[PDB]
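Chemist: My questions will all concern the structure given below.
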Amino acid sequence: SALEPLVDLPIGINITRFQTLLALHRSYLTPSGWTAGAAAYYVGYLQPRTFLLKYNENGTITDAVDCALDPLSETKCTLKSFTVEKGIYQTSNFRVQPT
Amino acid sequence: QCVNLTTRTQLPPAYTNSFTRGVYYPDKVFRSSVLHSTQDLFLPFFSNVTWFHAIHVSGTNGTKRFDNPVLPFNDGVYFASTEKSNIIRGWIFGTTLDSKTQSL
Amino acid sequence: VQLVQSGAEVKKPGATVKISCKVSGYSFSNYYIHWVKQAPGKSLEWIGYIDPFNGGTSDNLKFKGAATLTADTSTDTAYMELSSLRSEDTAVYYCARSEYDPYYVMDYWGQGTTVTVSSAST
Amino acid sequence: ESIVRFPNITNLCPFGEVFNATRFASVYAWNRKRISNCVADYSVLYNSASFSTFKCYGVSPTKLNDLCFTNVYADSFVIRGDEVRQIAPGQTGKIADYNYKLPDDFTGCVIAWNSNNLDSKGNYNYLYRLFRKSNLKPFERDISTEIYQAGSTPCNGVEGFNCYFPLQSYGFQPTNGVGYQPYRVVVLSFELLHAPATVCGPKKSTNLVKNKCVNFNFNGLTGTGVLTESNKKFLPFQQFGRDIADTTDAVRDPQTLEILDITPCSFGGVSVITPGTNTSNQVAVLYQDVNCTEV
Amino acid sequence: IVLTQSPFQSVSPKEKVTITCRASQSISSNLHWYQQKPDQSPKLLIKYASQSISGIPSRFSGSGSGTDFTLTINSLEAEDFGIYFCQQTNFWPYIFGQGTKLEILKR
Ligand SMILES: *[C@@H]1O[C@H](CO)[C@@H](O)[C@H](O)[C@H]1NC(C)=O
Ligand SMILES: *[C@@H]1O[C@H](CO)[C@@H](O)[C@H](O)[C@H]1NC(C)=O
């Protein structure tokens, strides 16, 4: 799913918390009226990550790969090429860290 | 106004897995069939996404569950919904969720 | 009673002329100064009023020299800087003593300043 | 030559709803109105009835269309005729000392025109503060309907000996003359520079040149190349096309959306083909990797 | 908000002349009359459209009616005639009369 920027606005505030909004209504005598239909949605938090972006031939990102997804994706990222040819490739080094 | 209905329950938040999701265009620059690489805020793939509930019905008769919490913004926020019949409009984004700060 | 102007200024078009209206014989701070243009053989034309205490330089829009009226309160001298000069700006520039009041009288003036704006040098 | 192609219009700064507003708030309560994220608009004010005065303090009136401002409040109010004096820094007067008071540090406008042609009726809704016990703070208003208390005898919300309601009204007599005519008067609040551009001066777009080696600026993007027509098709929200080298390649003309390529100048190396100077002094010059025009 | 004058008036000594200042649409009850001698700074004859600055001949009068403002001279002298101007005030651009050169015959 490619998402274009709608508007880039001068906001200048830090937003640390939020909640969604709803549209409900009133009903009349049946065995106040509220809660129209059903409602559910999806939420996830962002995070800095390095993506390789394959903008299609006519434009439009058609495919994307995270580098730090797994040592597996790091090879497509390090190569900078989607088709990973048969062979051994050297991904970024690792270090042991102090206790 | 400030008419309030809060109900009770949370439930364990039903999670999910965003497979390939949340990839926007982080520039206006038009590019064609190239592999471009930037390190920016995104929702990383194969991640935990909370499938939330509001005006939720678990059937006996009725029982609409209004759960939607005030949620921290943290680093950045992603959002997704279906809602053939829209019940969702906008978001309250802010800090104090009150005066003393601006409000989105 | 006395308004004395800097002499004739001959420029090329597009250049700048600034002209001094030197007050004496009265109180500078109690009078606005009108700035009056007479194109040669043409009618009286008022470029703006200035304030002694302030930068109250109104500008008429008949022609445009990016003009600004500066008044030097130490020397009681209002300047008219007329830039973007044109061959039609060629004229005799009067400065006119104005009331500081909402009323507008020019009783007494400078002697007039001919400006010849041309590619023709003197 | 250079191409500066800022977008089409990029908005216009709206002081028309401040100058042309049908019902002005009266002098005694003056509007303070945000004009922002736009382009300096003195171009509506050229064709007009003619503001009985025009005074805008800070900087040259051609810096209005050349200089951007910050917090822009064009103050919409109606004053009585002589009261344009009474609207200025350092004014002792009824308007300034009471109902409408402006700072000594205010950078912006005071502008008059007769509303006797309109605001006149019998309209006593128009009102003013005839007396108040101090000067208003910079851009502050005094709303008080409170009793003006002349003596130590408290009036307590009724009239009495020297018990005054300080605000008063102007009866507008449709025979009003030049001294008695109301002047709607407006004042532009602004800090000049030091804050982001809300009244961004109409920024000159040099005429678009095509199919020629030019030195171009597009919406702040600068570059020097050969601007041509191009068939590559942007997504609408996009701005720059680019290339494998991240170098700018294609652009979109803001004032009319069109996809322009870019290209290097002729460049290449000069090469002097010569027989030995022992044979001839004649040489044939090779310009490498160019088309034979720019020679 | 622009005013109109007659470009020229020719009269004889002792005869009465009236030069009009005709402003478009609204007019302001103040007006200012100026006698410009050739190559010389115009001098204000009539202030408020009803008064003379001190020292100005009693034959120099002014007025207005409707949109017109008159420069009225009674009993001319062959010394008197000159280029005449009127002024528009309180309108922002101060439109001065196109000017009227007065001639006096009988020389
Ligand atoms: C080169 O030039 C010299 C004179 O400078 C001449 O003596 C000689 O014969 C020439 N040789 C050839 C190969 O042209
Ligand atoms: C040179 O320009 C002409 C037209 O201007 C074109 O027909 C030709 O193909 C060009 N050649 C090169 C090498 O650019």
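Using Swiss-Prot numbers, chain A covers 221-251, 256-323, in order.
Any Cβ shown, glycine's included, is placed from N, Cα and C.
Annotation source Swiss-Prot lists N-linked glycosylation site at A:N234, A:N282, citing experimental evidence. Look at Swiss-Prot and you will find A:280-301 tagged as region 'Putative superantigen', backed by an author's statement. According to Swiss-Prot, the disulfide bond annotation covers A:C291-A:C301. According to Swiss-Prot, the feature O-linked glycosylation site maps to A:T323.
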Chemist: Based on Cα distances to A:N234 (N-linked glycosylation site), point out the closest of the recorded positions A:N282, A:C291, A:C301, A:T323.
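Modeler: Nearest listed residue in space: A:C291.
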Chemist: Take the region 'Putative superantigen' (A:280-301) and find every residue of the same chain, 6 or more past its ends, with a Cβ under 8 Å from one of its Cβ atoms.
Modeler: 222, 273-274, 308, 313, 315-316
Chemist: Based on Cα distances to A:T323 (O-linked glycosylation site), point out the closest of the recorded positions A:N282, A:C291, A:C301.
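Modeler: Of all the candidates listed, A:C291 is nearest in space.
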Chemist: Which whole-number value in Å describes the distance between the Cα atoms of A:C291 (disulfide bond) and A:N282 (N-linked glycosylation site)?
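Modeler: Here the two Cα atoms lie 25 Å apart.
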Chemist: Take the Cβ of A:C301 (disulfide bond) and count every other Cβ within 10 Å, whichever protein chain it belongs to.
Modeler: 20
Chemist: So, three-state DSSP: helix, strand or coil for A:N234 (N-linked glycosylation site)?
Modeler: coil
Chemist: About how far apart, in whole Å, are the alpha carbons (Cα) of A:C301 (disulfide bond) and A:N282 (N-linked glycosylation site)?
Modeler: 23
Chemist: A:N234, A:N282, A:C291, A:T323: which of these recorded positions has the sparsest Cβ neighbourhood within 10 Å?
Modeler: A:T323
Chemist: If you measure Cβ to Cβ, which of the recorded positions A:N234, A:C291, A:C301, A:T323 are under 8 Å from chain D?
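Modeler: Nothing passes the 8 Å Cβ test.
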Chemist: Three-state secondary structure of A:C291 (disulfide bond) from DSSP?
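Modeler: DSSP call for A:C291 (disulfide bond): helix.
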